[PDB]
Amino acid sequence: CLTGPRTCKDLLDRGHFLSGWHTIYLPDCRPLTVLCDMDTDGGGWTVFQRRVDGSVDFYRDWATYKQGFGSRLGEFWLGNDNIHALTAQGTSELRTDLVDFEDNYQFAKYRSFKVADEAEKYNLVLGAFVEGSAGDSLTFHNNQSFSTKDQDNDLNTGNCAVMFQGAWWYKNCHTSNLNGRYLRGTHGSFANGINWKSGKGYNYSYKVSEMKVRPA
């Protein structure tokens, strides 16, 4: 409803100062309950990805990544249809917040972030890297289909989602793997964790990870 809230940004302007699950209205005016981060970097971010404790299985198939999964009480992926619905007219920016197991925070911010629809297999349109202490380990994945174990759309003679137990805009294969296994800090296994290459490397799996959008 034109005079209803359509982003976490709106809700903030309208005086909801507490982070939490609010329902918003998408461009097409269908209602959708989302998590609003009202605290970080000015606040007003819609969170589409959350990892926090390893409670939820993220090594999932296409249908599952399509529709979303997890729990409002915990970890979740908002779902690719929704993430597209939310970024349709790409004027909204991306923030990535990582917290390690000693509670050290790092992050990264992009100017624009858009995922295409299923027809173009949730393609990643990412505008410029603006800054962040995590370094830029997403640009590398610009202009690439999203792949999962049962649907391969990567640039690797093998199946990247299996080789790195995740779901992602995989090329050959990745520099970031935020949907990887919740490995809890330093791990021997190679690059199959919640990893950000310019952050804590290919052998460290963050304690917390959030991916979130706001109109620019």
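Note that residue numbering follows the sequence shown and begins at 1.
Once the chain's modelled residues are ordered by C-alpha B factor and cut into thirds, is residue 151 in the lowest, middle or highest one?
-> Within its chain, residue 151 is a highest-third residue by C-alpha B-factor, going by the deposited values.
Third assignment of residue 71 from its chain's C-alpha B-factors | Residue 71: CA B-factor falls in the middle third of its chain.
Among all modelled residues of this chain, ranked by Cα B factor, put residue 22 in the bottom, middle or top third, i.e. lowest, middle or highest.
-> As the PDB entry reports it, the C-alpha B-factor of residue 22 lands in the middle third of its chain.
Ranked C-alpha temperature factor of residue 57 among modelled chain residues, by third | It falls in the bottom third of the chain.
Among the modelled residues of its chain, does the C-alpha B-factor of residue 171 lie in the lowest, middle or highest third?
-> According to the entry, residue 171 has a C-alpha B-factor in the chain's highest third.
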